[PDB]
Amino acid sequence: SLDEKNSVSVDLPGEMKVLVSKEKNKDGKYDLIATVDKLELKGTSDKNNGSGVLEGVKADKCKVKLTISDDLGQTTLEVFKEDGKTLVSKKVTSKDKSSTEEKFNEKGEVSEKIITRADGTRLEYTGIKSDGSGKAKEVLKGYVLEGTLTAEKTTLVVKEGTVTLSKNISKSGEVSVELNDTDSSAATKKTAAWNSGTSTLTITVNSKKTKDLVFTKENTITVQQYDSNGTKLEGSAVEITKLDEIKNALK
């Protein structure tokens, strides 16, 4: 690496660091060094903030490239095959802890994708086929929701008895929730209405509103019951912590 006397250490997204030389090199560019996964990457830049491109080659000949954004707000770490073009892996990390980590296949096509939100919640995609479809999972605090993915959107599903709950997330991040019950008895059959404006799903049974399921901006779900006659909410909303609790809300 570089000498403390000869360089400034700068922190970066994803717990990374880069050493920027104090002086410009013989070409009038600052030197850049960063060790990533035991491999030292090198680059130079006309600027001295730590932004630029660094590169290195693994023992297996794979080319590694790290791009540090101009304001140090993002890093892109790519590992290519020895041809330096076919992607093997790619991870973009933001200063806010969010990131997108993509695994590619033998032909350089993303086969898997992991999207980490700043709050730590994840959206994991695998078995990604050529037509944009694949398997999906949403990793939340306390529980995991599972579903599928298609070019249009991701759909996580939760079933309990004859009731199926589906949470849709489009590419734009738009969320919508819906519920369907195959129950025949009109006295026990669940029905629901979605209010996008408030991100809440109101369940009804036997002509009475029973519960409001709120899907928060903080990627949590809360439940609150309506009074005995089903007209107004009672008490306070309680946050879901376990998958079983969602199912209990669907019973």
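In case it trips you up, residue 1 is the first one in the sequence shown, and so on.
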{"query": "65-73 or 181-189, whichever carries the higher mean Cα B-factor", "finding": "181-189"}
{"query": "8-16 versus 227-235 - greater average Cα B-factor per the deposited record", "finding": "8-16"}
{"query": "Options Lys167, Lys107, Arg122, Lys95 - largest CA temperature factor per the record", "finding": "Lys107"}
{"query": "Out of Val163, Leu149, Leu145, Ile115, highest CA B-factor residue", "finding": "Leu149"}
{"query": "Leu140 - which third its CA temperature factor falls in, relative to the rest of the chain", "finding": "middle"}
{"query": "Within-chain third of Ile246 by Cα B-factor, per the entry", "finding": "middle"}
{"query": "Third of the chain's Cα B-factor distribution that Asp31 belongs to, per the entry", "finding": "middle"}
{"query": "Chain third (lowest, middle, highest) by recorded CA B-factor, residue given as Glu218", "finding": "middle"}
{"query": "Chain thirds of CA B-factor: placement of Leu54", "finding": "middle"}
